[PDB]
Every structure is written in C-alpha cells, then in structure tokens.
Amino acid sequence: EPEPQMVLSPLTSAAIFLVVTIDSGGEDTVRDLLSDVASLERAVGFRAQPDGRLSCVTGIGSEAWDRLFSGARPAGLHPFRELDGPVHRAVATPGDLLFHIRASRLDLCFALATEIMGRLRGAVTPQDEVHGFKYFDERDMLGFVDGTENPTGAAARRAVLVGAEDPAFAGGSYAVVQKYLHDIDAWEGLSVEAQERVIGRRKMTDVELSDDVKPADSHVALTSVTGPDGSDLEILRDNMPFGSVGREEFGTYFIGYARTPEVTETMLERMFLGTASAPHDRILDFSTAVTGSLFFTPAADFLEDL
C-alpha cells in the first residue's frame, strides 16, 4: 500500500469545513503547510486519545494543483461543473484548498483549524468556514437519519480510493462539496408521509420505502445508480448540519468522496437535470446550493514528501 488520508473516518459528531484560495505568491507558504499537516493532526489530537477521533483531510483544486506541483495530474481532476437545470442550479464557487476536519468535539476541530490557518496567514483568503454538528441520533436538518446506506469496510475502500487505474495517485480520493440552505418553514409544512416520499425512507424507523411505492423523484431513487458492471455505484458522504438561529439559516453541508468524480457527478446530473421519469430530485425543492467545489485528496505519503 501507500497510506491514504483519513477519508474513512469513524462516526464523528463535529466538523469544521474550511475552503480557501491561495493568494499571489502564496504557493511556498502552502507547500510548507501541506508537508506538516499530518503532524499537526497528531500534535493536537494525540493528547485527547482515544475519545478525540480528530482527523483532517486535505484537498486541492484543479487550478491550485497546477500552481503547486508539476508532474502529472490526477486523471479526474477538473473544476466543478455548473449544472443549470430547468428549475434548480448547482453552482460553482472558488476553492483552491479544502480542510475537512472532524472529531468527537468541536473544540478539537477548532484547535487544529487554528494551527493550520495560523501557518497560512498572509498566503490565503478564506472562502467558506462552517462549523457542523450531528444531531443526537444521526439525524440531519430535515429530521431524517443521514448516512445509513454509506458503504463500509472493504466496499468503502473499493468505492472511494484511487487504485491501479491511476497508479501514481493511488490512495487519493475525489471530494465534492456543496453548501445547502433549507427552507425549513416549507418543509415543516408537509405531513411526515409526504416528507417520506421526498426522501424515499421512513422518517422514524429509517426503513427504505418498498420499490412498488417509492417515487421516482425521491432522493434515494435518483441517487441510486447502477454501473456498466451491473454493480451499484457508491460514494461516501458525511453530511453535517449547521446553522444560525438569529439569521434563520438552517443548512446541510454536503461532502461526498469517490474514487472518480464521474460517480458523484452522475448523481448530481440526475438530481438537478432529472431523468426520463423525474423532473428533478424533490429534495431540491427545499434545499438551495450556494457553493460548489471539487478537490483531490491525495494519499498521505504524497503530502509528507515535500
């Protein structure tokens, strides 16, 4: 093997998502930070073992990749593709670097973020900063259990990590982020039965709706895709609520990892553009994307060796 980053992390209940762009002349400061980021993860986290579960995953955008490195590029790396649907729009916003920081406690996330941004002061410009918190029974902002169908164990390794198909970058992965804001008033206006039809599962028991009854414009319907293999195509998600009550913001921060962006991008097309039999994913009638960025999260050794 090479060591991948902590893409397959345990259940964690807090996160910080940090997206930044690299200023003019920043490339050197950044390259230094990248070579140390693994050891900052350990500095902050080691002393909080073992309940801490602190991990930071670092990702790099398509344009940033070319400023920072020469040598070949990961096969799949490109700017996030805007999707201008008949009704709904998946936007593209700027981002050169992603830090996806996760732990059991927000303060650990904050301490690591402090250390990282400390080393980058001068060189970067923050584009997004989100402090996320999982609800107490793995629920998201819509009140549904979120994560149930994520792959685990060897299936997750298979779905998420670059392998032999791009051997130079094996152990890497492709992360897509989108920040969503929900219209909770609208959403709470539906009966539970109606909400279950939007999602495709039971609210309370989290059991899948039977095929004979699950709508084709339900979220679970549109994000189940079968490959040429006959194999189901899987991504790894770690959606996190965030918000502010004073400013009436209630959000879900989407992040999905896959071994090639083609998978993540297909699901997005289905959601925003629709299919043969579905105008668009009903979940977008209550959720607006306000960011969109795609990153490559290299193998851990790649970063070590600079």
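Don't overthink the numbering: it's just position in the shown sequence, from 1. Superpose the two forms; the largest set of C-alphas matching within 1.5 Å is the rigid core.
Each structure in 8 other deposited structures of this protein is fitted to the shown form on the rigid core, and of 116 to 124 and 225 to 233 the C-alphas lie farther away on average for 225 to 233. Set 173 to 181 against 158 to 166 and average the Cα temperature factors; 158 to 166 ends up higher. Between 193 to 201 and 218 to 226, it is 218 to 226 that carries the larger average Cα temperature factor according to the deposited entry. Per the PDB entry, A72 shows the highest C-alpha temperature factor of the residues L108, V124, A72, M141.
Of the candidates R47, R31, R67, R237, it is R47 whose Cα B-factor is highest according to the PDB record. Sort the modelled residues of the chain by CA B factor and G85 lands in the highest third. Per-chain ranking of the deposited C-alpha B factor places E149 in the middle third. Sorting the modelled residues of the chain by their CA temperature factor places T291 in the lowest third. Among all modelled residues in this chain, the alpha-carbon of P298 has a temperature factor (C-alpha) in the lowest third. When the CA B factors of the chain's modelled residues are split into thirds, the value for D96 lands in the lowest one.
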